[PDB]
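First up is the structure itself, then whatever we jot down about it.
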Amino acid sequence: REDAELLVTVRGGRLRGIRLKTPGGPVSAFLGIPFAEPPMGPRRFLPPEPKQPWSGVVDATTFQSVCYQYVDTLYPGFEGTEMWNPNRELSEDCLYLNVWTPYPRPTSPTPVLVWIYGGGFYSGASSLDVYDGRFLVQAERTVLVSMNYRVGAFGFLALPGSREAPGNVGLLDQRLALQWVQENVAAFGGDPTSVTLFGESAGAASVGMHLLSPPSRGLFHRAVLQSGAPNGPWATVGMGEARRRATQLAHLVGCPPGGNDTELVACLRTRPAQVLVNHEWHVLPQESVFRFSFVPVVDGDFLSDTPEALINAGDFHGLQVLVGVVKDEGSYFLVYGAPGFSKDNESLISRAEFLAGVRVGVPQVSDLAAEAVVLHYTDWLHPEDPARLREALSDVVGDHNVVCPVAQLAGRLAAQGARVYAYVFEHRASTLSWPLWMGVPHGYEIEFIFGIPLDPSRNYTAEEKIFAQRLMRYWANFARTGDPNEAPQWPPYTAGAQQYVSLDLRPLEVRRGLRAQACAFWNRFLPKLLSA
Amino acid sequence: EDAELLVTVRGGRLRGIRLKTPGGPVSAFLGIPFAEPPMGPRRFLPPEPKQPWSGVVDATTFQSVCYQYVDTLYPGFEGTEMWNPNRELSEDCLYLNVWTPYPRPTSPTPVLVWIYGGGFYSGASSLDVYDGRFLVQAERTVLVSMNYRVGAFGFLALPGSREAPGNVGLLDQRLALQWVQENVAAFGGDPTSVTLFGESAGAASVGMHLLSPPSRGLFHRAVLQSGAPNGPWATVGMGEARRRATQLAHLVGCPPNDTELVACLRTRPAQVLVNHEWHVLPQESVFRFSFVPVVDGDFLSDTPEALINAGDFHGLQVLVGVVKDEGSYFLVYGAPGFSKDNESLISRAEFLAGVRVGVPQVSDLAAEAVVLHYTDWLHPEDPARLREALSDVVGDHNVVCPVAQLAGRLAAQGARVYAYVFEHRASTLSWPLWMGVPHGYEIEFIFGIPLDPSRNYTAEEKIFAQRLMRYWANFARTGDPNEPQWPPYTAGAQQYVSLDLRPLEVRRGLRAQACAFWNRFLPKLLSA
Ligand SMILES: *[C@@H]1O[C@H](CO[C@@H]2O[C@@H](C)[C@@H](O)[C@@H](O)[C@@H]2O)[C@@H](O[C@@H]2O[C@H](CO)[C@@H](O)[C@H](O)[C@H]2NC(C)=O)[C@H](O)[C@H]1NC(C)=O
Ligand SMILES: *[C@@H]1O[C@H](CO[C@@H]2O[C@@H](C)[C@@H](O)[C@@H](O)[C@@H]2O)[C@@H](O[C@@H]2O[C@H](CO)[C@@H](O)[C@H](O)[C@H]2NC(C)=O)[C@H](O)[C@H]1NC(C)=O
Ligand SMILES: *[C@@H]1O[C@H](CO[C@@H]2O[C@@H](C)[C@@H](O)[C@@H](O)[C@@H]2O)[C@@H](O[C@@H]2O[C@H](CO)[C@@H](O)[C@H](O)[C@H]2NC(C)=O)[C@H](O)[C@H]1NC(C)=O
Ligand SMILES: *[C@@H]1O[C@H](CO)[C@@H](O)[C@H](O)[C@H]1NC(C)=O
């Protein structure tokens, strides 16, 4: 006595899933499918090995463990923090993926959406409530896949050139999952010839890196980059600085008691996973509000050059991408260490706090460059207005880290053969627990893309549910056709007209300029100065 | 004979002329010698006080114009010819002029001293737009103006040499100011109330007298119009001045010992030096200033910027301002694509080309920073926007931001500053409309030229001219232009007033965002 709809055979063996209820009807979920051998013991820091075939039926009936990661404790018990923290036990045995499909299974091959979570390459999990695929699959009849990938030291510690810790294995985790989709998604009714990757923040940077890595590029057809880009200043690190960071962590945990790499990694392997996590914060070169200790390394392998170079020199004919940002990208990060900031106050900073915030929000630039930032962002008719300083600091951090990297990628892709669509998400959710001064913070479009307002246990307003259904429709139209349009039209983004649309409760408004003036500073001038 | 027209000064007796204005007569003494003619062995040397004379000097007509290049870019065009010499060129040119009410005052009258502009290479006190008769009649002041040597004759420097020490044109101005102290009372002028006013290089001159202590005791108030001593074109270092002096010596067939070199230069006709003066500049530029004040530790003990930042300016009142479109006039003197006879709608390549020529000696890095700041990246190739942007580049770098930096430093360090922007386009203007209110075209209103019946200004423009004359003379009398009030300029509020036919409007910021680029960032970048 079984349900045939919940039984699927993949190349590795048989799976049994669970049937979820949604407001619109049932969907089939296969949660926690193993796609790699567990990377534990001698397998830690190594590239993932494909999951060996199994006999019997594996129950894919619940989310599996979260990969080991630092857990944020800035506002304990605060919904705005807790929603991003692991909702499963931490474990190095965490390489599992999730498939949601219509109930019953599609008769015709169905387009596939593949989600890559964010969290600065040091955190995140596919099991977070806000990444629940059931509403998207029910509303738009797609197949949705999400995977866990190793973060922090376990996914991106790199001793470049070494066999034992080559770096970027968290990206290879993603790639292995993408390879699993090509080989297996048709068993769930998905179309391996229509796969759209989507991600946010570090997930968006991951998506972009798969675009720029030929072995990944054959595994999908379309890409969505939400509030992140591979050319972001926090998303990559050079070979030498990666080695310095790996060596510093090893030194901090007593390894060895630099030297031979094989030996150093062997010492690192004897350390408890939690010990590495608790020391990862002490590795960074400068105090920062952003920077993350272990991120993808540009070592000539996964990425043959810097993403910026690969973007600038790329031929992108035959590609559709959808990119965008939230209205207030910088605000969320400032409450995480910038002087004068708190979610519990107005964070009306002084001029001196503004100056100190630029250094933390724009880490590792010269004084000369920091002076250029201050000049650019200061209103010299109101140089000391606290409210204006707070707003300017938010734009500094958001422009440098999210908006301008996105705009640069969008412009280069459009000019080099791809069709681009761009948005700014401008709705502040009625459920938002953050203060009003933060506006629409980083990450808070995700719940609308995934249709979370349709959850009966939540309290979104009726118009926000309509709004959520409109965005799910845009995303699914893009996955099926490469075009979010079906009514107000969404024009493509081009390097000249630079048109984008605003996403909020009102109909689409077409505007031009993704912070065009600001991003000319970050993308055209400051790069000149650096090499001088 | 008219007794009002005979004056004895320290050097002897003069005879002046009675002039007519629509408001009544005025006494004028034109072509008064204040120095020995700086000729032959005296060329390039500091001026010497005029030795006394017997008999009566005839002071009824303007004297010669000091030797200078004559602009030939639009021959016969009123816009260019109004600045060209209207008297014969001569090295025997150090004369000044005095206008007084008729009959001559018998109470000490405040004195205005005009220093003309012209990039330190040109200019004359005899130009029609500097006619002092209307200011003097309308506002009952004494007005003085002097000729000073320009070009090589006034500013060729072999620093350290006795023979060509540099800045002698500035010393010409100082001697005229010394002459005013010793003789102005004989005309009814008050030597304890002397206000200096100048435009462009004349304003830079005023600023340099403000920062040179031997000149500071010769006047009490200062007006700087479209110029500042910290302007990029206003000064030169000792090494570059020596290089320029040496290259002109080569160009006119003279040997590279300073004594030898200057002696050979002295044998060359004056016209010959003028004919080669442009060729000394290192790079091609819209500004032809080859010989300018030199920072040698003497007249200027430091750069004007260093002197400005360090000075105690309590007790000083100053009036500064700009025209609405400072850059447009300079663009037609060689910026690619520009002409008075077209709309000057330039390409982006021409805009970029024009930046290098309007900002003459900056690195590519700095130039790039300029084109980043002045590009609208939503309309990067719009010809009309590019034309206006390059006008802003040239005007901000050369006039507006040097003036704004001076005004802010002086206010923050004790001076009472009043700032204006002159926004009225003269109904008689011969330049095209796209130029707006160009550099130099506030002068005619402040000298009351619209009151001349033989000119075609409107009734409204004459009322306006009378307003400006009252502001300027109020400031000369009291250090305050007011009688809608004109508030002082401050480093914080940055308030200025708009001068046009409308009543005064108070605004904040002399291109504050643009000038933060020139006055705060770029200096940091150049050193690195
Ligand atoms: C760097 O060191 C590694 C490991 O050293 C070995 O580890 C010991 C436990 C034992 O295996 C010993 O042989 C060594 O001390 C080297 O890898 C070994 O290289 C030697 C041959 O030269 C030999 O042991 C095996 O080939 C390797 N054993 C492994 C992989 O554990 C490696 O060659 C050294 N590289 C250099 C030169 O820096
Ligand atoms: C606004 O608040 C921030 C943060 O204060 C936090 O929230 C408060 C309600 C309270 O719980 C504090 O303990 C929290 O730190 C202020 O920034 C801090 O100010 C304190 C003052 O003693 C200082 O000791 C800390 O170092 C500051 N932390 C920083 C700069 O990150 C800020 O000063 C407040 N601004 C105002 C006046 O509104
Ligand atoms: C607008 O006019 C400028 C300048 O043209 C000048 O005025 C004309 C009436 C005529 O007298 C020309 O000889 C003058 O040069 C133009 O710029 C020039 O364009 C010509 C080609 O037509 C070129 O050979 C010159 O080198 C250019 N000179 C400069 C200083 O750039 C400009 O092309 C005109 N633009 C228009 C009318 O759209
Ligand atoms: C939604 O609001 C209701 C109001 O009673 C509350 O009981 C419930 O806990 C809320 N659930 C949320 C905020 O998810």
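Going from the start of the chain as shown, residues are counted 1 onward.
So how was this one determined? The header says X-ray crystallography, 2.4 Å.
Every residue gets a Cβ built from N, Cα and C, even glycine.
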Looking at huprine W binding as recorded in Swiss-Prot, which candidate out of A:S201, A:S206, A:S347, A:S350 goes with A:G120, A:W434, A:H442? A:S201
Cβ under 6 Å from ligand 4: qualifying recorded positions of A:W84, A:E200, A:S201, A:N260, A:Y332, A:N459: A:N459
Out of A:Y131, A:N260, A:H442, point to the one nearest A:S201 (galanthamine binding site) in space (Cα versus Cα); all of them are recorded positions in the record. A:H442
Env. residues of galanthamine site, Cβ within 8 Å of mean position of A:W84, A:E200, A:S201, A:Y332 Cβ: A:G118, A:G119, A:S227, A:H442, A:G443, A:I446
Closest of A:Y131, A:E200, A:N260, A:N345 to A:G120 (huprine W binding site), Cα positions, recorded positions only: A:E200
Please go through the recorded positions A:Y131, A:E200, A:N345, A:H442 one by one and keep those whose C-beta falls under 6 A from any atom of ligand 2; give the result in sequence order. A:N345
Rounded to a whole number, the Cα-Cα distance in Å between A:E486 and A:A487, flanking 5 unmodelled residues, is 8
Considering Cα atoms only, can you say which of A:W84, A:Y131, A:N260, A:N459 is the nearest neighbour of A:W434 (huprine W binding site) among these recorded positions? A:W84
If you count, for each of the recorded positions A:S201, A:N260, the other Cβ atoms lying within 10 Å of its Cβ, which residue has the minimum? A:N260
Return the member of A:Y131, A:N345, A:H442 nearest to A:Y332 (galanthamine binding site) in space, with distance defined Cα to Cα and candidates limited to these recorded positions. A:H442
When the Cα of A:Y131 (huperzine A binding site) is compared with the Cα of each of the glycosylation sites A:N260, A:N345, A:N459, which one is closest? A:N459
Anchor-to-anchor CA distance, Å, A:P257 and A:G258 (intervening 3 residues not built): 10
